[PDB]
Amino acid sequence: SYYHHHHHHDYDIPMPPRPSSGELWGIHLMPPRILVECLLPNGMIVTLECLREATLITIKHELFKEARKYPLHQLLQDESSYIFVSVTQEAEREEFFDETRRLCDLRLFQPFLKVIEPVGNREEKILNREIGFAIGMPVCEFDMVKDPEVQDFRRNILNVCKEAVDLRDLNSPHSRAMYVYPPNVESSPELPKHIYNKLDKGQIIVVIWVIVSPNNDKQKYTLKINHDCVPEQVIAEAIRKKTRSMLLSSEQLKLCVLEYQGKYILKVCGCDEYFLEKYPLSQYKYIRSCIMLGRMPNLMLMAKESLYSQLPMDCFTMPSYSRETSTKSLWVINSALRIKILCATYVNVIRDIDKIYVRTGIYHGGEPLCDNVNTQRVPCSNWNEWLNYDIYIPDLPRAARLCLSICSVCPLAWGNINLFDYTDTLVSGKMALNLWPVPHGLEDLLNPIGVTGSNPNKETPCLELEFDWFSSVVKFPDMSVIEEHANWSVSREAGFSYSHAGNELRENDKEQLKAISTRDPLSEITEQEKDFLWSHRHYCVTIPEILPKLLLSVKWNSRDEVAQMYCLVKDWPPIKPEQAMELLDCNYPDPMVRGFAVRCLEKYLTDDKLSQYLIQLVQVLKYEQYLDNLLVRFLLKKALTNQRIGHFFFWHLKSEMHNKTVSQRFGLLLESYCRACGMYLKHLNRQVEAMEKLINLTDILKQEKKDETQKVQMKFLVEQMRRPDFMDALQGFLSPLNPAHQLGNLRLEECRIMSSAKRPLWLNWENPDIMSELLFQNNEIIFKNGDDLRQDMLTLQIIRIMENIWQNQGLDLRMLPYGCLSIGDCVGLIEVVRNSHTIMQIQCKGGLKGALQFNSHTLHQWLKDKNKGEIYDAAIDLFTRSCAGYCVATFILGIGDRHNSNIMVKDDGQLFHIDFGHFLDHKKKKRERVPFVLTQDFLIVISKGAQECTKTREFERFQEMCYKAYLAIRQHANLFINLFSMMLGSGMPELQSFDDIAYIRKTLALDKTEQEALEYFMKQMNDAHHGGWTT
Amino acid sequence: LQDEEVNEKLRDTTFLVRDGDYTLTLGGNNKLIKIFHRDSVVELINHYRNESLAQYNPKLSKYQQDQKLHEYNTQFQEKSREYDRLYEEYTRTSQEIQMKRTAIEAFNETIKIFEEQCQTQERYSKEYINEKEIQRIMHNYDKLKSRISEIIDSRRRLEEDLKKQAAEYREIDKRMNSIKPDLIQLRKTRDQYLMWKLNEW
Ligand SMILES: NS(=O)(=O)c1ccccc1Cl
Ligand SMILES: NS(=O)(=O)c1ccccc1Cl
Ligand SMILES: Nc1ccc2n[nH]cc2c1
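Chains as they are written, first to last, in the authors' numbering: chain A, -26 to -13, 1 to 309, 321 to 346, 348 to 380, 383 to 409, 420 to 512, 521 to 944, 949 to 1053; chain B, 328 to 330, 341 to 350, 354 to 359, 366 to 372, 375 to 387, 400 to 420, 429 to 435, 448 to 509, 517 to 583, 593 to 597.
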């Protein structure tokens, strides 16, 4: 009687991505002895069986044994002039120069090896294997590329490499150590006041250490010195003590110091940071972190000699790639725009679709004319029209692009083309434009926000076109010509008598500009306001911050308006890095705009604050029209100036090589970097070797050794990490989460496959540092192959940025934006945060015996057990502070519902969120949600012990932090809107439109007053809990 | 008169009535403007609609009609669920298809080394033509070509796996193109039955 006896006849009971890309083709793990077909100059294939982990020294030296039996020997030179070579899974013929490499790490396709002699006696150059390893594609794959844009980028972008490398040897070796160990420093020297108030009105207890022969021994020399003190002075007061005796006068001790003083610099104990320059000990992050955490710095006097004997020189050298028509100016062509649409092929659809047609529009991001569709013809079943557009050629703006698609009676396959060559040339001729499938849940008809260019997949709907030919090669005009036209149109302006511009007065409509100057990027501007703005453009120059709105007010399909804007922008005054970033989203494509934006960054963007926003800045490369461009030369330089940038710059590109829309642009960039970066290439290639071993191990677990209990999986885990190729590969390298940290020597004792079904690995290495005792002896992190990290990556970024906007507005909410890095297609590393457990783990550890209920006070009781005594108060504060900051951020970003298994509480009483899920309230808009709900459990801890906990004095002070913090973010809403906007490039399903980012606007309620915003907040915070939140 | 969400819900087109204290969201793109009660109010509204508005650069709908139940959401969302799992099949297969092509590229190239090796023995078989050493030498050649046979036959097997995979691929893309417009109709007639909280389907 359950389903009205109705049968379901269909019901029979019966990543990314699949098995392959391992040690042999379609294999994963090659068995421990393998049969390898060897080939020679003879024609004589012997067939050595050999060990999977065996070096190529061996297989050679035991083939130059095993040959002396097989036929036609006597013609094989001293093996000392001979090299192996085979085909790899990325089908390339790879001469195997390094022969200390093991058979398993060759990434062969079939197990065979041809033998040969070394051609092109420049093995030394043919180690840009190392480059291809890092980049994850062969370098030769660039060499055989037709596009001159590419072969140029490669040859041209070496300017920057060379110029950067000379900047490193400018004051060798100090300069080299600034490159290799740049200071880790908050961007303002001034210290916030809640930090100050731990310091005896401006003093810190330090501890300098030193190792003198027999070295066995190490010696404290604890000081107490000013927070604003530089390291050079802290070197002195360290030596001062160590030196002082009853046999040194203060005259003789001053001389003894100054001489010993210069010879040393300060390291941090247990990890590789170095305070190498004039900055307050406070401005370094390790100190200001020690201050706050309740810790005594453990620095270390390192001899300069012994640091300088780590750094090797660059040895940078150019690669082998080292070696009219007049023109028609765009503006002379008397014509309109006509682009011919011929024939597509390959299109997938007869019965259910009625008809199909090629829709096209000209673009800037927004539309410069009535785009028009072509008549429908032979729908399905396999056009030839010159198609006429409503724009005069000369009005075409420089970043003008044709966007196209093929649509149904919904779309089918989209594409776009730059109307100009990277050489400022207007395109004429016939184009074959291979199309991209529509992104899942693109309901719009054309994709102009999409990437510029054809597909590199041949096997896709191609579409043939012809671009009007105007009797000659047509170029965009030089500034010389664009300037003149501005100054002409200006004086032609000054002489009519009628109302409308779209008058050297002023007024105080003057301030109805400044009103606009403060609105957020997504506050849509009205046509009247456009005309308002465009008309007073010459006044706007006293309010630079208005420029983004002005530029959106310009009519880019009038070359008149654009010529004049070009000239404003020429010597517009620099604006703040936080604003100029807006000017490199998809809404601003023009080269002069973007150039300006880059100058702003060259000028006023700290190596610190670049490091903070490096992810945005890299996603923005994608929206650039051409390969070479100012923003790349900018970032490539910074990357080569400052290894801590380069490091993440390299991972941030590498992580996205899988994604074939960027592949070439990024690979090519990565190649530039890997050639010029120096010895780091060797450290990266060790990181890269490691991550590959981890991916291939997790893959075996995920899709072969499923089930097999835990215990069988874990016997197979330890077996593998015992093997010598793994011990080689996973043991002496830098943490990509932070390469300051060194990993050395796996502790397999403590390595395990976490419980989750994506088989995350918990890895724990020794900390090889010489003073590891004072920091941590066991660095451990989580390698998770399965989930896509780059959303988590971002919310943690955003969370980090809030924490700063708080601190440096004096407002100590302590968030824990733990470390997370995407390093490939759904593959990453997540920092472990030691001594933390989930609220649900707390509920089991205090859960009284047989199962009835946990108890709401078990959390608050659990904290007392940790924080006993005078500390208790402090540990409640921490909870209360963190619990606020997370309550605000989580509401603001709209991240997925917090529950017991995704909140964590540390032993010291700090609370922090993990596994955030979708950020901007992605699919639950099918509203105004509060994802972190303060249950009783927390409320108790906040109101120490109280019953009827909603109305305590503690809880009101908690609400006060929330109100102050929410408003703090709101004041800086611009930044977040942009940070979000720049990330439209990355393929994140949570971010496809600006109207996605919408949510953050409702959330902060920018359209209302802040009175109304607060009260919006209070309301929503009241709505979530029912009780509390009325004032 | 009375008898952000704009930019979201106005998905395509040319008239909209929001809330100067009100706002018009129509020409080109999705263009917006507003003035206070300055010159009639809601009868000059009827004018711009079809004629003039030449006091500006270019001069050039609501309510619900067209015929209450849950019904559609199980259709909509469990047709979506297929579209979604078809994006995944689509997705896998695409990555699978190139995985093959570049695995054929492996074969094609692998072979050329074994073709070059039959020929490296060809040269050295000719160059050194007792009748035992010749037979041993004749045998090692025999493996080459019976090995090469398998390599090529292996390639072919993949090559035809690629054809099925290609046809099977294209067919997923085919079936999604029927689902898209079907799936949009069902979302639009969901948002009209929204017009008429309570919810509970
Ligand atoms: N059309 S095609 O891709 O050249 C082709 C057709 C049939 C068989 C092999 C190939 Cl590569
Ligand atoms: N480059 S190498 O010496 O062959 C090597 C191989 C495997 C692991 C580490 C290293 Cl340094
Ligand atoms: N010290 C610094 C740090 C960052 C800089 N950008 N441009 C010049 C700079 C100097």
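The C-beta atom is built at its ideal place from N, Cα and C for all residues, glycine as well.
For residue i, I'd like the list of residues in its chain whose CB is within less than 6 Å of its CB, leaving aside the five on either flank, ordered along the chain.
{"i": "A:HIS759", "result": "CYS257, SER753 and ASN797"}
{"i": "A:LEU25", "result": "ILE31 and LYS100"}
{"i": "A:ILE819", "result": "none"}
{"i": "A:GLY837", "result": "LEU755 and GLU849"}
Classify residue i as helix, strand or coil using the three-state DSSP reduction.
{"i": "A:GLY762", "result": "strand"}
{"i": "A:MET983", "result": "helix"}
{"i": "A:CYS255", "result": "coil"}
{"i": "A:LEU1026", "result": "helix"}
{"i": "A:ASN345", "result": "coil"}
{"i": "A:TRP424", "result": "strand"}
{"i": "A:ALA289", "result": "strand"}
{"i": "A:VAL73", "result": "strand"}
{"i": "A:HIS931", "result": "strand"}
{"i": "A:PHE897", "result": "helix"}
{"i": "A:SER408", "result": "strand"}
{"i": "A:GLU385", "result": "strand"}
For a test of your reading of the model: does the CB of residue i fall under 6 Å from any non-hydrogen atom of ligand 2? Yes or no.
{"i": "A:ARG87", "result": "yes"}
{"i": "A:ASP746", "result": "yes"}
By how many angstroms is the C-alpha of residue j removed from the C-alpha of residue i?
{"i": "A:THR813", "j": "A:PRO5", "result": "32 Å"}
{"i": "A:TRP783", "j": "A:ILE841", "result": "20 Å"}
{"i": "A:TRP824", "j": "A:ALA1046", "result": "25 Å"}
{"i": "A:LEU648", "j": "A:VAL616", "result": "7 Å"}
{"i": "A:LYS148", "j": "A:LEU49", "result": "44 Å"}
{"i": "A:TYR641", "j": "A:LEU877", "result": "49 Å"}
{"i": "A:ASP84", "j": "A:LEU113", "result": "9 Å"}
{"i": "B:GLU546", "j": "B:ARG534", "result": "19 Å"}
{"i": "residue 1059 of chain A", "j": "B:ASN564", "result": "For chain A, the structure presents residues -26 to 1053; residue 1059 of chain A sits outside this window and is missing."}
{"i": "A:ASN444", "j": "B:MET479", "result": "20 Å"}
{"i": "A:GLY122", "j": "A:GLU116", "result": "10 Å"}
{"i": "A:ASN996", "j": "A:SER173", "result": "20 Å"}
{"i": "A:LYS485", "j": "A:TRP479", "result": "13 Å"}
{"i": "A:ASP915", "j": "A:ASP(-17)", "result": "36 Å"}
{"i": "A:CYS695", "j": "A:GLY935", "result": "36 Å"}
{"i": "B:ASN595", "j": "A:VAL923", "result": "37 Å"}
{"i": "B:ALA414", "j": "A:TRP574", "result": "22 Å"}
{"i": "A:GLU563", "j": "A:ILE534", "result": "10 Å"}
Leaving aside the five residues before and after residue i along the sequence, list all residues of the same chain whose C-beta is less than 7 Å from its C-beta, in chain order.
{"i": "A:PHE684", "result": "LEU671, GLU674 and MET675"}
{"i": "A:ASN428", "result": "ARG401, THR462 and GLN643"}
{"i": "A:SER790", "result": "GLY256"}
{"i": "A:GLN637", "result": "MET1004, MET1005, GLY1007 and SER1008"}
{"i": "A:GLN705", "result": "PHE751, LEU752 and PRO754"}
{"i": "A:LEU327", "result": "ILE393, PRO394, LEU396, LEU436, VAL484, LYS485, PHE486 and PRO487"}
Any heavy atom of ligand 3 closer than 6 Å to the beta-carbon of residue i?
{"i": "A:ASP626", "result": "no"}
Excluding sequence positions up to five away, which residues of its chain have a Cβ less than 8 Å from the Cβ of residue i?
{"i": "A:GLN582", "result": "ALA496, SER499, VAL500 and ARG555"}
{"i": "A:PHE82", "result": "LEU42, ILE69, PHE70, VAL71, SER72, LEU92 and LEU99"}
{"i": "A:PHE139", "result": "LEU645, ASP646 and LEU686"}
For the stretch 620 to 666 of chain A, list the alpha helix (DSSP H) runs that are entirely contained and at least 4 residues long, ordered along the chain.
-> Counting whole runs of 4 or more residues, the stretch 620 to 666 of chain A contains the alpha helix (DSSP H) stretches 625 to 637 and 648 to 659.
Only counting runs of 4 or more residues, tell me where the alpha helix (DSSP H) segments fall wholly within the stretch 681 to 763 of chain A, in order along the chain.
-> Runs of alpha helix (DSSP H) with 4 or more residues, each lying fully within the stretch 681 to 763 of chain A, are found at 681 to 694, 698 to 720, 729 to 740 and 742 to 747, listed in chain order.
Please specify which runs of the alpha helix (DSSP H), each continuous and at least 4 residues long, are wholly inside the stretch 96 to 129 of chain A, giving them in chain order.
-> Listed in chain order, the alpha helix (DSSP H) runs fully inside the stretch 96 to 129 of chain A are 109 to 112, 115 to 121 and 126 to 129, counting runs of at least 4 residues.
Counting only runs that start and end within the stretch 228 to 285 of chain A, where is the beta strand (DSSP E) found for 3 or more residues in a row?
-> 250 to 254
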